[PDB]
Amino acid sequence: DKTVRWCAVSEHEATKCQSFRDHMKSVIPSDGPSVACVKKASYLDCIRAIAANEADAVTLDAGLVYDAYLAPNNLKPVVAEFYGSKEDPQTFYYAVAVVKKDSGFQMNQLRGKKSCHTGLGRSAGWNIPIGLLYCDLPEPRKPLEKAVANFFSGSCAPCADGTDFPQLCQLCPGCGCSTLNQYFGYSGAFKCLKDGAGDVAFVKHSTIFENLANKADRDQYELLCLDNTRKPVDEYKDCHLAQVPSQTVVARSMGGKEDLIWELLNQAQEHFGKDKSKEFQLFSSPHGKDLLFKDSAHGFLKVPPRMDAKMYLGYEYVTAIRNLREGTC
């Protein structure tokens, strides 16, 4: 069924990708789908490679899915991750603002604080929180990256340009756009908070649970609610910034191999999905968290025929992004 060229960002994902192909080949017949690995330094290089027919697939946060749909790449979502459980799949997750207990500040008091973001342009780590704080930012609010840098007193916004927006990398010099940057992604943003570099981490509802197994340790953290109060990390359903579409695998519109990508991932989730194998796991890895796919995912769902990013993401989230990039006060 031909080979799907998967795009791995940096060495940790490259390692997991190699294991993915090795294990798939050990259980799949010469008739079944196979995986090949193409390593890039950033998800941006992956989008380029896919559009240039140098790679076939890569999983992207919904905010990035939107970006990849823009010309001249025009990539489309083909397979979505789903969370929660297989019995009740969730094609969305909650964006939350995690902070340390007794730090003494609410959402409307974030000015002058230090921020840890999953990455520039990502849903929970950027689009949602910055979209909500837009008008609190000092003018001129454009370019947004600089206004955010001026609002906080130091941040870590992976993938941001450290030359033009130096303070956005104050918490993670260089703003590396891969796991090479220890403060990249959900768990990286959380570590940025835990280590004490930042005062707040913009991540998802499962992030703290993925990093602190004991409740006693989680009790030292809280969430900032939109009504300017704080609640326990377990109460995210009643204290989140917003809900966002799940991260999805994108591919080319023409000769994109979406049928094979699904065939590969569908069989893969049966062989190496949650609790399926003692040899390999699609949703976890001894090499790191959220490599290739999010650890919080429980499986995959095929995206409807020919659906583009805008339609897939939904009018609400698309509007959120457009209002962030446009909008006034």
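The first residue of the shown sequence is 1; numbering continues from there.
Look at the C-alpha B-factors of 287-295 and of 37-45. On average they run higher in 37-45. In this entry, 215-223 shows the higher mean Cα temperature factor of the pair 215-223 and 245-253. Sorting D195, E81, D199, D102 by the CA temperature factor given in the entry leaves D102 at the top.
The entry lists a Cα temperature factor for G162 that places it in the highest third of the chain's modelled residues.
Looking at the C-alpha B-factors along this chain, the one for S19 belongs to the middle third. Per-chain ranking of the deposited C-alpha B factor places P140 in the highest third. Ranked within its chain, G112 lands in the middle third, by CA B factor from the PDB record. When the modelled residues of the chain are ordered by their C-alpha B factor, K76 lands in the middle third.
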